[PDB]
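Below you'll find the structure, written out as structure tokens, and then a few comments.
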Amino acid sequence: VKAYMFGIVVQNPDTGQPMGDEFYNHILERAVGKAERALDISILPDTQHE
Amino acid sequence: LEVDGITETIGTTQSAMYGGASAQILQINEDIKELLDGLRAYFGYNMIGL
Amino acid sequence: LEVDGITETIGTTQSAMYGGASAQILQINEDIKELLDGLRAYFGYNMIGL
Amino acid sequence: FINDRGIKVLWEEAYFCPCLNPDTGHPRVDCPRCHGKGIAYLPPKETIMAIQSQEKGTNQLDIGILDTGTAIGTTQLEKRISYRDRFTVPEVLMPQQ
Amino acid sequence: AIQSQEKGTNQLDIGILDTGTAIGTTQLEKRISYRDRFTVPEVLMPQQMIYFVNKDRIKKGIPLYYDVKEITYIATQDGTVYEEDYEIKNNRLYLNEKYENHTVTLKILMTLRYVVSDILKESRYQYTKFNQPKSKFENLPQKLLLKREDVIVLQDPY
Amino acid sequence: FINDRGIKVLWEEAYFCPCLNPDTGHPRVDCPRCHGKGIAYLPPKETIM
Ligand SMILES: [Zn+2]
Ligand SMILES: [Zn+2]
């Protein structure tokens, strides 16, 4: 992700602390869920019983 | 506000039409619309036989 | 801000209508639209026989 | 607005020192309460003041050099500053020789 | 940054003098002090000189009033003086003894120089907090009044 | 901009005339190279000012 924002930093103006990678991972996992619903597909491997 | 030649001036995101958080709410509504479209594809259309 | 012969004026991309990242988000939405059209051509239209 | 724009200063209030000679009317040069100035000062008070036009005002004289520089100050609300009251600005250091 | 670079010619019974003045804005976080000296190596100023040449000045060399960086014109009653017949060393002018009873006239260039005469804004301040862990005090640019080094003239620092 | 706005002038450069009296320091009033002014002038140069 950060590569696509080369030359930017996301930083709390009251403390100068950069945003933690936990938020990036959380957002990525939800973005994968969104992609798996915009298209009727299963991206990540899983065992299905039908 | 100006005192003794010191000048301070603000234009804020508030306006006679739009509230301070207008833009963020508009973006959130766009995201909600995408999410709802996806989830209303996951759950089906309701139907009943008369 | 004007203080003791130093003056600064800034106009930001924020506005009462648009948030600071409006432009980037719009461009990203265009890219998403192109990608989704392509991927919905790669995977087919869903169909079922009643 | 003033708290944002002003620098922190220590304010101490002037009063005439009671060491003045009852006849000549001049200060005692050895007075410990005032170091030869006629004016004694109360304990310092923390305040914020906005300061402008901070000029050094160098003078070169037959007696030697002297500084007569002048500045303009805007006080906080609800204060009654009095003549020869004294301010110091602990953040700001000036070079001298 | 320098502004209003005035020459300030004066013409007096003692002779000519320059009292010109300029206004300077410093960089951040500097504490310029009275009679601090600046030179501007990029900027060359024209000046003029004349000397009567005598046996002592031939043997000892003429001590020039200005710190000559280079000569643009040199002449005498007999005409132009060619570069084999003069030399400058240590801001002394040496001449061929041919000229033992002549007067030499020069046009010269020298580097611009200033001394701090007075400080018009010795302090400007800002507490900066935005994106800092805690408030940081910073000293903004000073405004200097600069006076030209005519009366006493010193070599360039190198 | 300067070439459009300026008038054409002849510029000639000052230098002290070597006719100055080696004692009194004043110009010779009969000097042909400078007509009693202490200042001689180099040949003129065309410029716009
Ligand atoms: Zn006393
Ligand atoms: Zn002459």
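Numbering starts fresh at 1 for the residues of each chain in the structure tokens, the chains themselves are lettered A, B, ... in the order given, and ligands are numbered from 1 as they appear.
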
List as a PyMOL selection string the protein and nucleic acid residues near residue 5 (chain C), meaning an atom at most 10 Å away when only C-alpha atoms are counted, but skip any in the same chain fewer than 3 places from it. (chain B and resi 5-6) or (chain C and resi 2) or (chain D and resi 52-53) or (chain E and resi 121+124)

Mind listing the residues within 10 Å of ligand 1, only C-alpha atoms and all ligand atoms counted, as a PyMOL selection string? chain D and resi 16-21+26-40

In Å, with one decimal, what is the gap from CA of residue 44 (chain B) to CA of residue 49 (chain A)?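 Here the two named atoms are 20.7 Å from each other.
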
Grab me every residue within 12 Å of ligand 2, counting only C-alpha atoms and all ligand atoms, and send it over as a count of residues only. 28

Chain C contacts to chain A at 12 Å (only C-alpha atoms) as a VMD selection string: chain C and resid 24 28 32 to 33 35 to 46

Using only C-alpha atoms, find the residues of chain E whose closest atom to chain C is at most 12 Å away, then write them as a list in words.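 Result: residues 25, 120, 121, 122, 123, 124, 125, 126, 140, 141, 142 and 143 of chain E.
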
Could you list, as JSON, numbers by chain, the residues of chain D having an atom within 12 Å of chain B when counting only C-alpha atoms? {"D": [1, 2, 4, 5, 6, 50, 51, 52, 53, 72, 73, 74, 75, 76]}

Prev. selection, N, CA, C and O atoms, output as a compact mmCIF listing (two decimals), in the first residue's frame:
# COMPACT_ATOMS: atom_id res chain seq x y z
N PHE D 1 -6.98 34.35 21.32
CA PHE D 1 -6.09 34.97 20.34
C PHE D 1 -4.78 35.42 20.98
O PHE D 1 -3.70 35.14 20.46
N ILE D 2 -4.86 36.12 22.11
CA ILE D 2 -3.64 36.59 22.77
C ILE D 2 -2.81 35.41 23.27
O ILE D 2 -1.58 35.42 23.14
N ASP D 4 -2.59 32.52 21.99
CA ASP D 4 -1.92 31.89 20.85
C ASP D 4 -0.75 32.73 20.35
O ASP D 4 0.31 32.18 20.03
N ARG D 5 -0.91 34.04 20.27
CA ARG D 5 0.07 34.87 19.59
C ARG D 5 1.19 35.38 20.49
O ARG D 5 2.27 35.67 19.98
N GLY D 6 0.96 35.47 21.79
CA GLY D 6 1.97 36.04 22.67
C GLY D 6 3.05 35.06 23.08
O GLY D 6 2.89 33.85 23.03
N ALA D 50 2.14 39.72 23.80
CA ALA D 50 2.55 39.79 22.40
C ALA D 50 3.42 41.01 22.16
O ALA D 50 3.05 42.12 22.55
N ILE D 51 4.57 40.82 21.50
CA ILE D 51 5.61 41.83 21.38
C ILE D 51 5.98 42.02 19.92
O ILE D 51 6.08 41.04 19.17
N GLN D 52 6.19 43.27 19.51
CA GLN D 52 6.45 43.63 18.12
C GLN D 52 7.59 44.64 18.05
O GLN D 52 7.93 45.30 19.04
N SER D 53 8.18 44.75 16.86
CA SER D 53 9.13 45.83 16.55
C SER D 53 10.34 45.83 17.49
O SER D 53 10.81 46.89 17.92
N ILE D 72 6.99 47.35 21.04
CA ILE D 72 5.57 47.55 21.31
C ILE D 72 4.97 46.24 21.82
O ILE D 72 5.14 45.19 21.19
N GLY D 73 4.28 46.31 22.94
CA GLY D 73 3.68 45.14 23.58
C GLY D 73 2.18 45.27 23.71
O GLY D 73 1.67 46.34 24.04
N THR D 74 1.47 44.18 23.44
CA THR D 74 0.03 44.07 23.68
C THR D 74 -0.21 43.09 24.82
O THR D 74 0.16 41.92 24.72
N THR D 75 -0.87 43.56 25.88
CA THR D 75 -1.09 42.78 27.09
C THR D 75 -2.21 41.76 26.90
O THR D 75 -2.91 41.74 25.89
N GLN D 76 -2.35 40.89 27.90
CA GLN D 76 -3.56 40.10 28.09
C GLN D 76 -4.72 40.98 28.57
O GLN D 76 -4.54 42.13 28.97

Write out as JSON, numbers by chain all residues of region 8-82 of chain D that DSSP puts in strand (DSSP E or B) for this structure's backbone. {"D": [8, 9, 10, 11, 12, 14, 15, 16, 39, 40, 41, 45, 46, 47, 48, 49, 50, 51, 52, 58, 59, 60, 61, 64, 65, 66, 67, 72, 73, 74]}
